[PDB]
Amino acid sequence: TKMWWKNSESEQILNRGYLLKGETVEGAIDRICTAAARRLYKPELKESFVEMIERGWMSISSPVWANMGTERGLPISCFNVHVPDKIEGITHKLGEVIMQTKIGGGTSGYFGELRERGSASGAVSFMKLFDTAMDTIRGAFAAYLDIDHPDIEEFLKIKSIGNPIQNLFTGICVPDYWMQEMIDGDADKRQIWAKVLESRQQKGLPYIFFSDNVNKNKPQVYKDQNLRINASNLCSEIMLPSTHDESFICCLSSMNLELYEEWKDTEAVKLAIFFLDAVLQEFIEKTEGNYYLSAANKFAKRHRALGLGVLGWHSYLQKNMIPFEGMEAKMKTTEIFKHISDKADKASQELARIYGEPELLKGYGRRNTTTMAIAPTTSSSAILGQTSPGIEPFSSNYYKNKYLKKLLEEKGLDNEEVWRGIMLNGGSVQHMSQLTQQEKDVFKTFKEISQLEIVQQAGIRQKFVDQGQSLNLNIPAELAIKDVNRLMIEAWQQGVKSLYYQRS
Amino acid sequence: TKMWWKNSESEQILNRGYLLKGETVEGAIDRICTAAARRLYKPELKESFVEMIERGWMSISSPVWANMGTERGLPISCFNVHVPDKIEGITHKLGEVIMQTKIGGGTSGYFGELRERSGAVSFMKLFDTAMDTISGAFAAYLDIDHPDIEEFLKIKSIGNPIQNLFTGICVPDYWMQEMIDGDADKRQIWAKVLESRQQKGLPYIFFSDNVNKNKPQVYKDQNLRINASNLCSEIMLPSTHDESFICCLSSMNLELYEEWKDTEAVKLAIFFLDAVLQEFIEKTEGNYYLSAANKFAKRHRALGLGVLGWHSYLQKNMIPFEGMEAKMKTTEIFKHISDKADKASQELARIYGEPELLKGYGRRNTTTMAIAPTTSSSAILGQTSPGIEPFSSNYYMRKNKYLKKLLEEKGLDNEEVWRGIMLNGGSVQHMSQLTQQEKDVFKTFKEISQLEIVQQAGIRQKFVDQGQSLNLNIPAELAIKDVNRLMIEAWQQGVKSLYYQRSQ
């Protein structure tokens, strides 16, 4: 039913700059969908886009909420810059980041091309400029450096107590050759690797970018033109190439898997892709002339990369009494992601038939170099009935899990005593004698789930996503370091493109 | 005598970047003068330039040494940017400062147009971080009636996030007058300014109205406000959104004034500086980030002919720094030099025509004169006195040559008397062997009346179309009432700027 999700909790979230002054939620949706349909030259689709958002089938990112339909607002907030080895290029890209930040953007940069310290200052030294800019202009920037870069040891110290860089997030780009030589017993590399694992234990960072997994499994067109993906974005799910004159940019939205059964046999995915192509077009037309957004503008025009994701994956499982671990979720992963990716692919081909291929995709038959990417969706999930975030399982059942509630009522046990016990057991229900192993397994939390199973599921999911997926792992501190190491290796070997924060 | 000044001490200085690899001092002068004559289309002037430099009548900025006559080297090292109140503009000027720094320039900026608090000082932090990153010295200027003035005065204090920026405050007449007449808020601010100069030496003082009421008529007619000065506070030129002031520097040696006063030395010095500026213009055509500097040079052709060995020249003639005779000497010499410089700039207009700004004004350069610190210049030329500053000491391991000669003719050029001078901190005021007149001649900076220094600087300023780096020596001893009166006298007598406050 329409607007089922709009309550006091979601209204509060939306009042933090999702809505213009004097605007109702319904009014905002109408503003946004009117604009999307105008950019497609198809005002008839307006009501279909409205229905999708009102029914909560598709959530839209916050920059879309706030900016789409306004005269000057930019409805994208995901940028990356390639940072050249010359001071003039660094200076230009510092500008890009400054202006990208100003308009509300999340930002990121690849620094692997920069000279090491003592050459005819170093890569880390220049990251201080970007650090200061973040402190100056509520911004977020992720710096990416290769693991076989000479300044890696310096790079890993970022966000330590004492370290002059406190504002930058970090990710490291780890190629296959480096990984194998480390397994085969390279002592230099193992000490670096132990430092990485040590850093991720302590601070949650850096993110891991598996360079060869990313480039192995990217759109054919990027292989044919030899455009390398060197790094990811702030949340580590975007997998696009940035160059001296092209800064990658992506529009995000998510399909709500909790309501999969409602929308799976409609044109929902198709309209989501049409919608995202519209958002991109609005960005493109609004940034013609903007000096510092030129490289972003130019990427958008040539690639038209889209990033349609998901949320409520755990919620969908729990709604169907499928446990997160085991074979049934894996096969269901294959069912849903084969279905969505296929439909997203066809939508992109349809877009090419109507609007034509952009310059990079001439002869390739599709409008968008990429269609799908799975973002964290922390806010969209909360907006949309406190659904599970992205493809991440719920941390807790009580911090009150809707599908656990209804189960407990069926058994009679929906009382304050049971919930008090759940609270004392940290949101777990694994202590409860009144639940079968099957029921316990469905309502296991992030902690209690096998991290190995999460990685295996990620691997299967990745085959249907042309970009990446924000993948958090919850590894206790008490869990041995040798076992953390096996978990990384498994992720790498099963084709996982990246790892996000490490929780504990 | 040619190359009298070249010895072990002056060769040590020249061997830190003045000479190219495998170059002799004679060869460098030749490269420089050849270049300067080429740029004028007057190769016959070359040997005149060589004679002036070899004889040590004219000293040349260090940037001229290393760069003039090379293919790509920029023979300017003095820049200033106007920082606009829009972030795109702040980003562009940050760019300017980064590139200006890269090519070996000292830099400065006016920040007074920036809005109050993330605020003016928040954005200075970017420039601070650039200094600590790029292979440098920057002076940030703010008006004293800027709301963020209190934050600004904390720069370079224990704990402050800004440690690399030098600072200067711009002080209007109305503010000084209201402060004197008993505005309590003003006095509170003035006290912090004085306390800061006492404990740190900073900030510099820029007397906005003094600077602007006594600037070239062309700047009044075009309504071009000089908002700030340079790193060393002697350069008095307007910067705008699209013009960034630069000036080429060199100095007349006043020690050898008797030698060159009746030659065409000053004229030739002006020709040389115009040539240097032409070399800068031609090498920066097409440089994106030096574009605003290139435009300033093209349109204004501002020059900065200075002086050095002022004190030395006095001591050579047994003239005391204090008293009417030094005051009259200031008038005789600087009237002569300023009149020759004005006429040479007129002759340049006759030969090469007027730049855009000076159509109808009948000269080639908006300004001709400015007095720099000349710390390195004076050390090179037989350790003569810097700029218009008194020697700090008679023995610091250099002996004052005119003192040495005065003692020489009293059989007092022995280790005993010099040991006595060293024990008295370079002073001869303890010596009953000298008359009172002779003691007056050899007073040191801290022993000279700071009032007399200011009064002399006031008289000098009437003959200098820009400014003059004016250090004061204020002991901690001295009462804040007396320090205050000193600042007011300087202001009242038309002093444009005060540089460092020294605390011997």
Yes or no: segment A:250-260 includes at least one residue that is aromatic (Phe, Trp, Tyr), within 14 Å of chain B (Cβ to nearest Cβ) and surrounded by fewer than 24 Cβ atoms within 10 Å (Cβ to Cβ).
no
Return the residues of segment A:94-117 that are within 13 Å of another protein chain (Cβ to nearest Cβ) and either surrounded by fewer than 18 Cβ atoms within 10 Å (Cβ to Cβ) or more than 24 Å from the chain's Cα centre (by Cα) (or both); say none if nothing qualifies.
A:95, A:102, A:114, A:115, A:117
Mind listing whichever residues of segment A:406-422 are assigned to a helix (DSSP H, G or I) and either touching a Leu at 6+ places or on another chain (Cβ under 6 Å) or under 17 Å from residue A:319 (Cα atoms) (or both)?
A:406, A:407, A:408, A:409, A:410, A:411
When you scan segment A:136-158, do you find a residue that is of a type in the set (A, V, I, L, M), surrounded by 24 or more Cβ atoms within 10 Å (Cβ to Cβ), within 14 Å of chain B (Cβ to nearest Cβ) and outside any helix (DSSP H, G or I), even just one?
no
Residue A:120 fails exactly one of (1) outside any helix (DSSP H, G or I); (2) within 14 Å of chain B (Cβ to nearest Cβ); (3) touching a helix residue (DSSP H, G or I) at 6+ places or on another chain (Cβ under 7 Å); (4) not polar (S, T, N, Q), namely (3)
Check on residue B:192, in contact with a helix residue (DSSP H, G or I) (Cβ under 8 Å, 6 or more places away or on another chain), basic (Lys, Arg) and either surrounded by 16 or more Cβ atoms within 10 Å (Cβ to Cβ) or more than 23 Å from residue B:227 (Cα to Cα) (or both):
no
Scan segment B:1-26 for residues that are of a type in the set (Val, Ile, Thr) and either in a helix (DSSP H, G or I) or touching a strand residue (DSSP E or B) at 6+ places or on another chain (Cβ under 9 Å) (or both) and report the count.
2
I'm told residue B:53 meets every condition in (1) assigned to a helix (DSSP H, G or I); (2) more than 14 Å from every other protein chain (Cβ to nearest Cβ); (3) closer than 30 Å to residue B:140 by Cα; (4) hydrophobic (A, V, I, L, M, F, W, C) except one. Can you identify the failing condition by its number?
(3)
Go through (1) touching a helix residue (DSSP H, G or I) at 6+ places or on another chain (Cβ under 9 Å); (2) in a helix (DSSP H, G or I) and name the single condition residue A:428 misses.
(2)
Could you list, in sequence order, the residues of segment A:318-339 that are within 16 Å of residue A:388 (Cβ to Cβ) and out of contact with any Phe, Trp or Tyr (no Cβ under 6 Å at 6 or more places or on another chain)?
A:320, A:321, A:322, A:323, A:324, A:325, A:329, A:332, A:333, A:336
Contact list, first residue from segment B:123-150 and within 26 Å of residue B:190 (Cα to Cα), second anywhere and buried (at least 23 other Cβ atoms within 10 Å of the Cβ) and of a type in the set (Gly, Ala, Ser), beta-carbon distance below 6 Å, six or more apart or interchain, is B:124/B:140; B:139/B:108; B:139/B:168; B:140/B:109; B:141/B:168; B:141/B:228; B:148/B:120
Go through (1) crowded, with 24+ Cβ neighbours inside 10 Å; (2) under 25 Å from residue A:89 (Cβ atoms) one by one and return the number of the condition residue B:60 breaks.
(2)
Selected residue (criterion: nearest to residue A:503 (Cα to Cα)) from residues of segment A:206-238 that are surrounded by fewer than 21 Cβ atoms within 10 Å (Cβ to Cβ) and within 20 Å of the chain's Cα centre (by Cα)
A:212
Extreme residue, nearest to residue A:137 (Cα to Cα), among residues of segment B:69-89 that are crowded, with 24+ Cβ neighbours inside 10 Å and within 14 Å of chain A (Cβ to nearest Cβ):
B:83
Select from segment A:380-396 the residues that are in contact with a helix residue (DSSP H, G or I) (Cβ under 8 Å, 6 or more places away or on another chain), at negative phi and in a loop (DSSP other than H, G, I, E, B) and list them in ascending order.
A:384, A:387, A:388, A:389, A:391, A:392, A:393, A:394
Note: among A:59, A:48, just one is outside any helix (DSSP H, G or I), more than 14 Å from every other protein chain (Cβ to nearest Cβ) and not aliphatic (A, V, I, L, M), namely A:59
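Could you tell me which of the residues B:333, B:351 is away from chain A (no Cβ under 14 Å) and either assigned to a strand (DSSP E or B) or farther than 21 Å from residue B:214 by Cα (or both)?
Details: B:333 fails: either assigned to a strand (DSSP E or B) or farther than 21 Å from residue B:214 by Cα (or both).
Result: B:351 is the single residue among B:333, B:351 that is away from chain A (no Cβ under 14 Å) and either assigned to a strand (DSSP E or B) or farther than 21 Å from residue B:214 by Cα (or both).
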Conditions (1) surrounded by fewer than 24 Cβ atoms within 10 Å (Cβ to Cβ); (2) in contact with a strand residue (DSSP E or B) (Cβ under 9 Å, 6 or more places away or on another chain); (3) farther than 19 Å from residue B:48 by Cα: number failed by residue B:286
(2)
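All of the numbers you see were taken from the coordinates with simple rules; none came from a lab. When we count neighbours, we look across all protein chains shown, and the Cβ atoms used for this are built from the backbone with ideal geometry, even at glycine.
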